[PDB]
Each structure stands twice: as structure tokens, then as C-alpha cells.
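> Structure, please.
(chains A, B, C, D, E and F)
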Amino acid sequence: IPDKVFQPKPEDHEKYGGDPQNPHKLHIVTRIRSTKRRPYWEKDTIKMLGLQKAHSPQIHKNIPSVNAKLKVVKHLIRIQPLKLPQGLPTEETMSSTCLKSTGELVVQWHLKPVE
Amino acid sequence: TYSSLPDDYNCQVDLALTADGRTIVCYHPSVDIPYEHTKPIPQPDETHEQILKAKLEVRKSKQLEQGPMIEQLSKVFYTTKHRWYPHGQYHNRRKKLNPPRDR
Amino acid sequence: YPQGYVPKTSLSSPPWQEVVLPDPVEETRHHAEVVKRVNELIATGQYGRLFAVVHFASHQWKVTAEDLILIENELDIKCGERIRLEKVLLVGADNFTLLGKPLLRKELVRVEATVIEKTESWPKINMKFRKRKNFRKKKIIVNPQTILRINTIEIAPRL
Amino acid sequence: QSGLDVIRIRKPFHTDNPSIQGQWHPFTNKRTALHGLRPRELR
Amino acid sequence: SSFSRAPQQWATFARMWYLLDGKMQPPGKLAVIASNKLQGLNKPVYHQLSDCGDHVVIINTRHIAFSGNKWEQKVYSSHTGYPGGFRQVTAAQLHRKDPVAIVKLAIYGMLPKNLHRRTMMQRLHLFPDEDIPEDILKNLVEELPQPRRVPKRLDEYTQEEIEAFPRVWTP
RNA sequence: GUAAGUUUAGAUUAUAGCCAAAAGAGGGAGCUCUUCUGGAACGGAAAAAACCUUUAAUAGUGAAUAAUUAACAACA
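Numbers count the residues shown, from 1 in each chain, chains lettered A, B, ... in the order given. You can find the structure just below:
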């Protein structure tokens, strides 16, 4: 596959809402398919990545080695950029953290409807 | 005419969000049929048991044979003759003596 | 006929018919008027039997006076002790009902029930399919159980 | 445990007043006619 | 509410009689509706073992309309069970022999392939013409709107409609 | 990214598939072979060892989803 596939365009950035500068640090990956009937190399990568259970949240760094590994298993995973509206959680708030489906990890859970 | 469904058959439906907006309140007072839209009791001045006996009339050869009797029974209830036929002792004994009944 | 005029026909208009919703300002007045009557109804206690829908464990239980509910698990609560269910989404009255979004406020509705018995489940047979099944490859399931009796359902005019 | 027999329970819920607003019957939601005229009645 | 147990059971489990008009109506669309009414699927508490089917009365079956050329293209096949007992008849021929046969066959095929189908057919009443026994009318509870809206003919069109309709071109 | 690996000593058992799908070679149909890849539902493709969706198995009168036999005459 040509490298142009992984070279983004200005329109692509708008569609996916990703800024070319300050790229997202952490990837959110969940397995949505089975590795049965797949070649051994595909099976090995999934086990190494820890995505044994489907729909299992995993925190991984957006680094070339992880990026290379994720590309191999791209079709079996969903990639979402992590967002920290309130910043990194503190030690005291480590028990109050909650990750939303939108990709935002709130450090304080107030048990109030967003509405 | 705020209600989106007709209120004339079952009950008047009054839909209203609460002031806080946390609750949806439905008020459903029942509606009675108008007097003008009802029929009077039969003015002319017989028990259903008598009618049932009359329907299964005994006319030919005094009591009719089993087949005609089943056919007469089948016609009244719009059922098949197969339903009326009895069953053997084996299954009859198997029937539960004390079936449970709730509500 | 004016420019770009299309008379209504079978294919000019969709099978469905467009409707116009009522204006909001007057509609909001209708909302308050119904609420005011309802608050008086709750205050006047013009209701008898009530039914409430309560979500417990992974199940939703419609509840009424004298109802008996069986929970297929232990609760750790002694028998004869009254307990309050905290998750109620709907409560019904003779001529009116309240619907949570998705739950009502705790102040409006309070529901209490009592634990009657702690029990287990009658044996359940489990047998996996395999060649040469044999008769001794059998397992029984006697998972725990508990019994609850509904005691009271309470509402107040706190609209 | 209670003396109650331990066998399969068909329904986990027991209520003596299942209905509050009335049980549905065919005449429910059926619109009436003036004078209670039955269908096809010329009158 | 507040009714006695037995009367409440009687009313809820009671069977209703329905009237259907087949004039210029496709039997297939009617059959689908008829199956719903006959089987008792029109009730909110429908159950497979509750025998909640309802009586259906169909009239004007002689005047039914078939879309396309189904009159000449649809062939019904039956076998007597003896050698050479294979019979194939077109829809038009079947209607000529019996106006009600086509409607009954379609309903029977649409109905579930179970023992209850035979009982349901007993509850079904098919009349070639508008004539009905009076007692059936007393039994009849409601009539159902025709599934298909009948288009109007040129003569049926009102004079006012003709004036409203514009002349697209001038001859 | 991840947790096994090398050496020393003792010791056997297994060493015959099936079908699908790729790459070749005989060939010209199709076959006949050699090489690589995958499979063994309780779901689906009609019934369907071999194809598709499917990480194990537990009770519950809950919930969101995957594959999923159907599809909509011609002339400038």
C-alpha cells in the first residue's frame, strides 16, 4: 500500500477534527472482531497488544512502534484520540475518574446529568 | 388540542412537562359514552341454556347418532369434528389431578 | 398560475401530510395549568391503588400494594427488615401518572419493602453435548434466592 | 428457609390486584355512533 | 376495572365479527389483513394457545381486482393423487368456475401451516355478493375500510374538477 | 510491544488426515500432483464436518450488537 494513504490532507483533518500540530498522544483501541480463521501473524499481534477481549478499552501511546503495530491490526480495531478537557487526574481524584464514549476522561464525577 | 392522540374513545390525555422539566405528567380521566350514542334496552318483553338446548335439537331417530351429534356440535361452535372425539384411558389417567391456579 | 407553481397531485405531495405544531408560548401556559391541577390532585390525595416501576439488579419490577417479588440472589439483609428501593422510574395513580427522565426525584417518590425469606433455587440440570455422553456427566445449579414483600409507596406534592 | 416447598416457580411475582385502570377488552378504543347504531343499520 | 373475574374473562376472551368488502380490492392485500383478523393478531394480548381468532366476513368477492395480468398469468396447481391427476388452472378460469375459490385459496396459503388453520377457515365467511344473513349482521361488530383506495373513472370525475384541471396544451 | 528462552541429564508418545482458498508444475476440458494459508456453532448461508459472524462457561420473565437468498424491451 502506498504511503500516501497515511499522509493526511487538509480536508481529512477537518473531517476527523485532528490538528496537524500538537498531535494526540494516546490511542483508544477496542477489538470488534474475532481472530479465528486469520493468519498466525495477525493472531500474534492481537495477543501482544492485549486486545484478547472484544470491546476492551486499552491505553496506548501514539509512537511509531505502536503506530506500526496498530497499522497491522487496523481493520480489527477502532482508533479514537484521547481528550483531557480537565487535564491529567490527580492522586486524590484517581478514584473519581470516568472515561466517556466521546473520548473525554473527566477527573471529577459529580453524579449530575449532563442534560 | 395539545394532546397528539384523540381523547374521545378511551380517556382524555393531558400531557405536561413539569416546571423543573425532570418529569412528564399524564392526566387520564376516563370518558363515558354519550347517552345519545347508546342504544336502549330491548323494549319487547328466555335463558341461554334453553337456546343452547334448542340449537342442539333432537329431531331424527330420537337421539341422533354420534357422528351427526358431533357434526351438530361442530356446526354450533364452528369447530372440527376431530376435536369432539374421545381419548383412550392411557392419556386420561395421565392428566394432572391438581393443576395450580394463580390469579 | 405563478412561476414554479405545482398543483397538488398523487406524486406532487408525499403520502404523509405535513402538520403544524402549536405555538410554544401558549403551549407553555398549558404545561403550567396541567401541573397546577396535578399538584392539587396530589395534595388532595385523590388516588387509591398505585403502581410503581422500580429497577432492581438487572431487572425492572412493576410494583403494587401486597406484591411479592423474588430476587434470585442473596441480599445480606435479615428477614423482616424494611428496605427502601432507590431506583423508581414510573409511578401511577387513579387518573394521573409520573414519568422519570429517566428517573424521578428522590423527594417525590419513596418506596419501601421488607425481606421475607432467604432461599435457594430448585436444582437445575446442566449437561454439555459430547460424543459418548455417559450418565455421570451431570451438574446441578442451586443458586441462592431471596423473597421481598412490598410494604408502602409514598408520594408528596413536591412539583 | 421456610417450610414452603422447593420446586420450580412459574411466576416470580404475586399480586392480588394486577389491574388498576381496568383490563383491556375488545370494546376498548372502539368509537361509538349516534343512537348506538350497529354497522350497516339503515334505521 | 372493578368488574367481576368471570365477566372480565368472558369479555377479554370474546370473539369479534368483522365485515370486509372485496369489490375492486386485491385479494392479496385483503388476505394479509384477513389473516391478522382471523388468527386474532389484532388483539394486544394475542397468544398462540389462547384461540383468540375472530370471525371475518368477506363480500363482493366476485368483483375483486388483480394487478397486472395476474388474471391470465397466475395458475393454480392441484393434484388429485391419481396417475395423471395433475391439474393446472389459470386465475381467470378459476374465478369463472367459482368467484370465492380464489379468495379462500389465498387466505388458506397465507394462514399458518398448522392444525389451527382448519378451525380458522370455519370462522371465515365468504360471500360472492353483498347478500348476508341478518343474524350475521347482528353478530358483526365492525366493518373494516377497504385496503386499496379505488381510483375514479373519467365519468366519476366531477364537473368542477374538470374546470379546475388546466389544459396543458391546445389542440 | 511483551515473558519466556539457552544449556545439561532422563524419557517416551505422535510421525496416515478431510475440505476450503492461494502459488506452481504436468494439461488444453477438467483433472493429477508439489508448496503456502484456514477451518471443526449451540448463529447464518434451506437441511449444510471443511464457507461467513463468533474468545471460555454460570443463573436471571434484562440490554446493545455481528454474520445473515435474495435482486429490481433500447436510440439517438
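
> Tell me where chain E has strands.
Along chain E, the stretches classed as strands by DSSP state E are E:17-21, E:55-59, E:75-79, E:86-90, E:124-126, E:140-143.

> Most proximal residue of chain B with respect to chain E?
Sorted by distance to chain E under CB to the nearest CB, the residues of chain B start with residue B:78, at 4.3 Å. Any C-beta I mention is one placed from the backbone N, CA and C, and that applies to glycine too.

> For that residue, which non-adjacent residue is closest in space?
Nearest residue to residue B:78, sequence neighbours excluded (CB to CB, 6 or more residues apart in numbering or on different chains): residue E:122, at 4.3 Å.

> Identify the residues contacting that neighbour.
Residues in contact with residue E:122 (CB atoms under 8 Å, 6 or more residues apart in numbering or on different chains) are B:78, B:79, B:80.

> quick revisit: can you get me a residue count around the residue of chain B closest to chain E?
For residue B:78, the count of nearby residues is 16 (other CB atoms under 10 Å in any protein chain shown).

> does RNA strand F sit close to stretch E:51-67?
No. For stretch E:51-67, no contact with RNA strand F is found by CB under 7 Å from any atom of the strand; the gap never falls below 14.0 Å.

> Please identify the buried residues of stretch A:89-101?
Residues of stretch A:89-101 classed as buried: residue A:89 (neighbour count, 16 or more other CB atoms under 10 Å in any protein chain shown).

> near chain E, anything from the helix or strand that contains residue B:49?
Using DSSP states H and E, residue B:49 sits in helix B:48-55. No. Helix B:48-55 does not reach chain E (CB under 8 Å from any CB of the partner chain); its nearest approach is 12.0 Å.

> Which strands or helices does the helix or strand that that helix is followed by pack on?
For helix B:48-55, the succeeding helix or strand toward the C-terminus, using DSSP H and E, is helix B:66-77. Applying 3 or more CB pairs under 8 Å, 6 or more residues apart in numbering or on different chains; DSSP states H and E, we find helix B:66-77 packed against helix B:81-84.

> centre of the chain versus the helix it packs on, how much separation?
Distance of helix B:81-84 from its chain centroid, counting by CA atoms, centre = their mean, to the nearest Å, is 22 Å.

> After that helix, which helix or strand is next?
Next element after helix B:81-84 (DSSP H and E): helix B:89-94.

> Extract the C-alpha set from that next one and format it as PDB.
Listed next in PDB are the C-alpha coordinates belonging to helix B:89-94 (Å, rounded to 0.1, in the frame of the first residue of the first chain):
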ATOM      1  CA  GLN B  89     -57.600 -44.500  29.100                       C
ATOM      2  CA  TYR B  90     -53.800 -44.200  28.900                       C
ATOM      3  CA  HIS B  91     -53.800 -40.400  28.400                       C
ATOM      4  CA  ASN B  92     -56.900 -39.800  30.600                       C
ATOM      5  CA  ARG B  93     -55.100 -41.100  33.700                       C
ATOM      6  CA  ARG B  94     -52.000 -39.000  32.900                       C
END
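
> Chain neighbours aside, what residue packs nearest to residue 76?
As the question left the chain open, I've gone with chain A. residue A:33 is the one closest to residue A:76 (CB to CB, 6+ apart), at 5.0 Å.

> Hmm, no, I was thinking of chain B.
Per CB to CB, 6+ apart, closest to residue B:76 is residue B:55, 5.4 Å.
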